[PDB]
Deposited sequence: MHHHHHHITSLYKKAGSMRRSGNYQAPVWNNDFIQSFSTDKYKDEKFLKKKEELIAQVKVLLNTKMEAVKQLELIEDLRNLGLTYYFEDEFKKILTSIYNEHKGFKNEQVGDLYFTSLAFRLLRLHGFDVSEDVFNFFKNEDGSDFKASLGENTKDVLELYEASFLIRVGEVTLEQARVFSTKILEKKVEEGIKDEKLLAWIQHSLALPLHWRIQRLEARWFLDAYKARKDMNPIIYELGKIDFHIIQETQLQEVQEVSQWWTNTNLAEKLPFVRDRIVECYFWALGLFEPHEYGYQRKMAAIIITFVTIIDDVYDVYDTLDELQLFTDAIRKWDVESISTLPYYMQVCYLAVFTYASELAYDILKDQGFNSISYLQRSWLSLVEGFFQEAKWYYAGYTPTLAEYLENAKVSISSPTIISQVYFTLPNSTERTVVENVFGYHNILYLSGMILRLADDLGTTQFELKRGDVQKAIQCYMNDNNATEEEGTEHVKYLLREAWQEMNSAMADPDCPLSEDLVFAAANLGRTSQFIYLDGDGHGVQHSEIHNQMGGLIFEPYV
C-alpha cells in the first residue's frame, strides 16, 4: 500500500552525481552530430519521430526546427503540390503540423480514388503507410474532411490486418496500441517505459539514442519521485485523510494525473501544484457527495463565493476543515505568485474555485430535485465541474504570462481551450466506464446503449477536432506549454479509462527501468 512511509522510503540520490549530467550531455552532443549528417528527408523525419517518442524533443529543438523548415520550404509549404508518397506525406504532414507549421490536408488529395470519396484501396496493401496515414488523421481541424476520410479508411484497414493476423509481433503490438488510442491522444511521459521498450526492440534502433532515452528516464523518474515525496508529505501533514474520514487516501493517483501534464524536463512547481489542486478538487467533490441536504451544500457554495474568514463560522466541522484547507492553500499559492511573478492573483484563484463548486452545486440541485439533465445540459455542466478550467486557470499565473486585465479575463472566460479540455476529460471517463453521457443520450432519444456509445465516441472525436483548431489559433491567450497541459488533462483521462492502472502508475513512478 502506497502510504507516506512507503513513498518516503525511496532514495532520491541515485542519479545526482555529476557524472550523469556529463554522460547525458555527451549523448546529446552525439545525437546532434547525427541530426546534422546529410541524409534523405524521410530518414530525418523518422529520426525526429523516434526522438520525440522517447521524450527527447527538449534537447533538439534547434535541429528539429532547421530540418522541418527545410522540408516545408522544399515542398512549397505543403499547400498544394504532391510532397512525396503516402508514407512521406503522412509523416511530414504530421510532424510539421505538430511543430507549428501551416500545412494543408490537400497534400493528401493525390492518394484518393477517382471520385475523391475515399483513399485508393491499393494504398492499403502497405501496413506502415496506412499506419502513418492513421496517425496523421487525428490532427484533423474543424472543417477538414479529407482527414476524416483518412481516419475511416485507415482504421478499417488496420482493424482488418489485425483480424487476419500480423506475423510481426512487434508491429502488431504497436498497431494495437495506436488503434486503442492514436499517438496524438497519448502522452509520452505516461508511457515512457513502453516507448523505450518498443524502441530497444527494433533491429534498426540506434544504441546512442536508446542510452540517452534511458538516462533521461532515470533522471526524470527520480525528479518526479522527489516531487511525489513532497506532495505526499504535504498531504500527510494536513491530516485531511484522518480529519475527513469520507475522503480516500489517494495522493499518488492525484500526482499521476499531474505528472504527464507538462514538458517533463522543467515545470516541477507546476506538477506539484496541479497535484495539490487535483487533491482539493477531489476532496471538495467528496464533500458535495457525502452531505445529505442541499441546504448544507448551499452553505458551502456560499462560503466559497464569499471567500472570507467569517464564512468558516457558518459551516459544520467537516466543511470548516475542507474550506479552511483550500482557503489556506490558495493563499499560499497566491503568496508564491506574488513573490515570484509580482502579481496579486488571489481574486482570480477564488474565481477558479467558485466555478468548480458552482458546477458541483448544480449537479446536487439536479440530484435533490430528481431531475435528469439532457445530454446538452450534462455536458455544459460537466466541462466546469470536471476541473480542467480550475487547474489551468491557476497554473497560468505561475508562469511568465501577461497579467493585463483584458487578457486575464479572456483566460477566465473561460477560454474555450479550458472547456474543451474538460469536455475530453469527461467524455473519455464516461466512455471507458461505459447518469453519464451515454445514458443521457439514451434517455434523450430513447436510443440503445450501442447508439449512445457511438454518439459519445463521435463527440470525443469532435471535441478533439475543436481542440486541434483552438491550439492553432494565433490569438490564443495561453502559451504553448499551458495549451499542452490542457490537452494532456484530456489525454490522461483517455489513458486511465480507455487503455491494471494501479500497476502502471507504480511501474512508472516507483519501479526501476533496467
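By the record, the deposited chain contains unmodelled runs at 1-27, 462-470, 536-544, with no C-alpha atoms placed there.
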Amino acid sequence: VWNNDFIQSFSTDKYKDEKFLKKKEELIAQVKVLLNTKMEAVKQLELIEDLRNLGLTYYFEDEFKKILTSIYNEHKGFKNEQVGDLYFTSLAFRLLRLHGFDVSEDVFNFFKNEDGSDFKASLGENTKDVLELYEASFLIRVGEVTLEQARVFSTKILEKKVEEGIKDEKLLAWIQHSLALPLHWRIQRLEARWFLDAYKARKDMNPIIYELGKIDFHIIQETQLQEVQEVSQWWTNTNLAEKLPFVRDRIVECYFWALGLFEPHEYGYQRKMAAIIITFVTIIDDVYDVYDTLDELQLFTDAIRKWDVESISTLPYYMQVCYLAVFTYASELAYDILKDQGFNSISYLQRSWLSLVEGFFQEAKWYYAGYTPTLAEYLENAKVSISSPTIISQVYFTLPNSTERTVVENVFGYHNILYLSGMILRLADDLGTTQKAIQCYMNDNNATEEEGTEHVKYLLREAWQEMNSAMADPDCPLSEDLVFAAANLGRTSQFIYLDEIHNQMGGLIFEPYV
From here on, numbers count along this sequence of modelled residues.
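The PDB entry records a higher mean C-alpha B factor for 124-132 than for its counterpart among 411-419 and 124-132. Legend: mean Cα B-factor per stretch from the PDB entry, 209-217 versus 348-356; the higher mean is in 209-217. The top Cα temperature factor in the record, among 227, 289, 204, 106, falls on 106. Taking the deposited Cα B-factors for 368, 255, 153, 235, the highest one is held by 153. Per the deposited record, the Cα B-factor of residue 262 falls in the lowest third when ranked against the other modelled residues of its chain. Looking at the C-alpha B-factors along this chain, the one for residue 497 belongs to the middle third. In this PDB entry, residue 436 carries a Cα temperature factor that places it within the highest third of its chain's modelled residues. Annotation for residue 195: C-alpha temperature factor in the middle third relative to the rest of the modelled chain, per the entry. For residue 72, the recorded CA B-factor ranks within the highest third of the chain. Only modelled residues enter the ranking.
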